[PDB]
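Inspection log for the structure reproduced underneath, given as structure tokens.
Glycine also receives a Cβ, built like all others from the backbone with ideal geometry; neighbour counts cover every protein chain displayed. What follows draws every value from the coordinates through simple rules; no lab data is involved.
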Ligand code: NA
Ligand code: NA
Ligand code: NA
């Protein structure tokens, strides 16, 4: 095979779309292999700029195509340089821009700890014809800085693995596995905006929903709970635009569920308190000891749910 | 005709847009036919990368164009390889990315069970000049995994059928039918998010709407029902962004309809209870036996509506 | 002139955007004219696939360009075949995809009855150099089926007319008129979703707004009407995302107007009832005979407004 | 210089985006200059269709590039004809489609009276090498018709002016000014939809906010004003999606401001009426003469604000 | 190296997207270097228009590619002129259009004072082979005018710095640093729209929330505070569409936080006032001296928070 050395530079990571679970990564790729010795004008290496490499490719120069596996849509490439040394090595430098995708598990939404994965693999040549020697990822632009609400932490993990493509084994009998480079960049979500915009207001809504039992008569406490339910409904919408449709529940969706549960349990308890009287003579105070018991049970529920 | 063998690899299915009834499918296509024996440099097969196939096509090589019938917009193709063996066969490998469309029947919205259809057909050569022998679809990347809220279940159904184009019979007298490949991938929607975000909150709203009859006087129970109607209105909006405009009603839209019906039937019943008095002396308890009859009728309605 | 025969095939009509008054039409166009006899390899006709027609065009073959007049944006063309018979005729087959536009009058919004218009006209050759003989439109894919909320009814109307371009008369003295093909596909909007989502809920809101006069005192009936107005406001928004900004009023906007009018007329009547007392001794029942007169006038208003 | 005559045809103006202050204009451009006499096949003029003009341009034909100065993004050109007469003149006909921009002053929002400006200027040749003789704009398609909510009024104003580019004076010593064509199309916004959707409902909200002073006690009138403020808040949002962020206030934003001012002045006046009692014995009627004075002052404010 | 002189002209800055922290800059770039003397037809300089420069580039002319570092997506270039003087200098004039990005710190949101940064750097040639001599930025189109809600103030700051690329040092031993031009355009946000749309309405909401303590009994003051909280919730949403997710709090988000704090502190104080009675005989006036103390503390909080 041909020993190909890659040096991926990351310019910036931007536009991390949580709803679509995609992100956009800019930067440069510098692939370098070796070939036969060639003659250049002077001792200096030749610079082959874009839209003119095609004359060299139609001349017979071996320029492989390196594609991104996990990309969404066509990667919007820009300028490209094919720098030709006369000692033998050929260097393909290109700028890439594309939307990449990952799994992006969302069990803990505001306190999330995710990673951004770049995958590179030759489109046509397998590991018997093109082998990745090593990659050095230069994430010095975003090594210790925060993009949007994501704090990039650590360096970039590099890994070279041989992926196997069983769909291509009908045209290649034995050699049908490809050398893939994986680049992993960790990212920790900053939870401050969610903390002061969704979590603590909903805690205040929960305390206000607890405040129904301090009232004195029945219609006023029903109307208190109804306008409280209105608030919880409105809040549920606010969360929609912050995270996609998930089979599980996150922290904020669990808080919405707890708000609905608290308010409707209060309404049902108030109804059962009102219809407690068989002949309309009994006072209703024995069941209304939930001024100091219902918040305690709610705190126990929250403490269990945190762990 | 020419026997063409296709091997479609599916990389990932993403972005299933329910409102537009489209979805995006990435992956590779490997078409393979046979031709005259040719000579290559060495015994090894020749690899013809992208943007250089045109020299071979202008030289006179037969490379058919395979289009997607059910695609929405232009399919955003990427890299392509035209691998030439010297024993005779020509292999056209290409990467595709495009938005596909299907019927996507939506009778049961959250408990839906849909399929994703890929259709492939030659644009110009009919079955008398190009015949699809067989297709093996390698859906091993998403065989037993869930994309977004869709759990992909089973393998990919393959079918080769001869579709007939009557619009082209004016230029082709007898042979005007084309061989189309259909690839069917089943998908079952995960109903959990809808279950805890729309169905059970609306059930709590229904119980709260039932709670009007436990009040004691008239203006308070009218205001109770009015703020309850407000909630149902708000909920109706939340559903809009989850499913398109349909002639029929789904489960959630039927729940909104049942909420409106319950609240307005309660308001009309309360009004008729108030105006039951001919001279203002009669008590109103005979018509207010709906504390234990109106929910029973609603449960009967729901049980009939489920089946 | 040259007699050109067109056979437009319609694959699917999708994405009818009411707010933008555009729609997207896929399918194929098959133009066919006649020319000098030519020699082909063998007796079989020659197939000229895409991205290779340019060699024949630079060789000197007459391939006219047919553009779409009413299109919005560039029509996203795909594959194209230039099928050359040796008996003389040249057949240009191409696939088109583009957003088309029409007037789309919206007097009756949910019970609308619209049409989809495709217009085709040569860009450069007038009727003295290129004449459309006839068109057969093959709308067999959507002849008797419903797209989105639009039920396609009937076949496709064909018409050939000579349009006149006065802007081009400075460069062409007498012959400056072009032969345009118009294809009309009727479509009837399915009113069910609007009927059970906007019309009947707003009727329930109207009845609830009528329900104010059954109350007994003043502050409660003012608050009843205020929360009712809140509902009407919310509903007005829901309609915004369903139809564009229009100088006139549709059915649903007239229902919103009637809701505002009913509620504010009720508020003004209640205020005038309260201030009817010169010395605070008169009872207010003479002006509150609108329990059985205000709905009757509203029904008369609605019956007049329907016709 | 070379005398260039332009004849701009306007097909349709659509998609006037008020928030972005852009609009989309379709149509054709017909540029015509004169040159050396040439020989054509026969006496007829030659038609040079698109994607084949490049052979004539590489042959040495002078085809200038005319760009649009005020365009947003790349103007999506379509088909183009380079019609060559043998008597000497060369005619460049092209179809354009692009998003144009203007200042679009918005002092009176619903009763606005705007214009749509098209600017054309050669990219490379100044007025010493290419001079625009005259332009005739053929706006006969939209001369007396209304697009969206904009009624196009009058014809299209034509003007040829020499614009000066000081950035290019480092490479051109004296001749660095360019001949620009400006095309002005007036448009009057139809105010009906805003009149019955925002202005008159907000007037009803204003009258309902005036209705607080007719109540009898304090808590009910505070709650009346609070639910009224809720309505005004909701209305403020509805306006957001109709006009961009502006330093000044339009009519509708002034109505929102007047609604907030009326309601909060009523709340402050009610509070000062309640705390008017030094010992709780005084009646509060002297300050509540605003049943017939507060609307009069509001009418004076509105009459001053209109002029 | 080669001395390259740049003269950037700015046509217009538009579409400053605060949520994405990007902006769009149109205009022209005029690069100029020197080379060997050449012969042109006549004494006049040669004009090389677009899509024909490639013949000169394949002939062997040195045209460097200048890229934008901070751009988002591919910069949508338009027409380009390569003006060749016979005295030796080569002038590359091109039009650019692209979305640029900056840090855009948002500590004070409505009273913001930002800058727009354009960065230009050769893609392939380092400072040993191409050196930027000087840049004159001609921002005369927007020198003293306001774009959208941004008032452009001052001229454009020019700076030439040598940036160092450590990722490219594996292919270049010592010379691996590039000359970058930075263009800084200051912009001050106009705070009027936010001042009369968010700040003063929320101040009125704060005063209305203070108004709870003037009521007389308990259930009415709880319901007053609940409908007030509803308003604050609604307002929080309005702000979402005006600024992105930030770790810190701006002015308007601090006002939302203060509204929630004031209302929930009022609710807690009212609850503690109600449960102040050990046996139900004590009057509650000592803790309700916050009619003239709670606003004073709120004013102290606001005065501290401003500085
Ligand atoms: Na309320
Ligand atoms: Na509300
Ligand atoms: Na919304």
- Task: Subtract the Cα-Cα distance of residue C:284 and residue C:217 from 0.36 nm times their separation in residues, and report this length gain in nm to one decimal.
- Result: 23.1 nm
- Item | Crossing angle, helix C:218-240 versus chain C [Cα axis fit, 0-90 degrees, rounded to tens] | 0
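At a Förster radius of 25 Å, what calculated FRET efficiency corresponds to the Cβ-Cβ distance of residue B:143 and residue A:19, to the nearest 0.05? Intermediate values should be presented prior to the final figure.
Working: r = 26 Å, r/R0 = 1.04.
Once the sixth-power term is evaluated, E becomes 0.45.
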- Query: Could you list, bin by bin from short to long, the percent of Cα-Cα pairs of segment A:79-198 in 5 Å steps?
  - Reply: 2, 9, 13, 16, 16, 13, 12, 8, 5, 3, 2, 1, 0
- Note on the structure: Output row for residue E:207: copy-to-copy label distances, label 7 Å along Cα→C-beta, ascending, in nanometres, one decimal, is 2.7, 2.7, 4.4, 4.4
- Message: How tilted is helix E:294-306 with respect to the longest principal axis of chain E? Cα atoms for both, answer in degrees (0 to 90, nearest 10).
- Response: 20
- Query: Between residue A:200 and residue E:108, what is the FRET efficiency for a Förster distance of 22 Å, r being their Cβ-Cβ separation, to the nearest 0.05?
  - Reply: 0.45
- Averaged over D:184-194, number of beta-carbon atoms from partner chains that fall within 10 Å: 2
- Query: Say we join alpha carbon atoms closer than 10 Å with springs in a Gaussian network model of chain E; which of E:172, E:114, E:129 then has the biggest fluctuation?
  - Reply: E:172
- How far is residue A:301 from itself in the other copies, in nm, if each label sits 7 Å out from Cα along the Cα-Cβ line, shortest first? 2.9, 2.9, 4.6, 4.6
- Query: If contacts are Cα pairs under 8 angstrom and at least 6 residues apart, what is the relative contact order of chain D in percent?
  - Reply: 17
- Message: Given R₀ = 41 Å, what would the calculated FRET efficiency be for residue C:291 paired with residue A:276, taking r from the Cβ atoms and rounding to 0.05?
- Response: 0.65
- Calculate how many DSSP beta bridges within chain D are antiparallel, expressed in % of all such bridges and rounded to the nearest 5. 95
- Task: Fewest Cβ neighbours within 10 Å first, please rank D:186, C:105, A:43 accordingly.
- Result: A:43, C:105, D:186
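Only counting other Cβ atoms within 10 Å, I'd like E:85, C:226 sorted with the fewest neighbours first.
E:85, C:226
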- Note on the structure: Taking a label point 7 Å from the Cα of residue C:61 along Cα-to-Cβ, the residues of segment B:22-66 whose backbone nitrogen sits under 17 Å from it are B:57-65
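From other protein chains only, count the Cβ atoms within 10 Å of every residue's Cβ in E:164-175, then give the mean.
For peptide E:164-175, the averaged partner shielding equals 5.
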- Place the label 7 angstrom along Cα→C-beta at residue C:143 and in each other copy, then list the distances from the first to the rest in nm, shortest first. 4.4, 4.4, 7.1, 7.1
- Pairs of alpha carbons in the protein assembly as shown whose separation is greater than 58 Å (percent): 30
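If neighbour count is taken as other Cβ atoms inside 10 Å, put E:301, E:142 in order from fewest to most.
In order of increasing Cβ crowding within 10 Å: E:301, E:142.
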- Message: Nearest 10 degrees is fine. How inclined is helix E:251-274 to the longest principal axis of chain E, computing both from alpha carbons?
- Response: 10
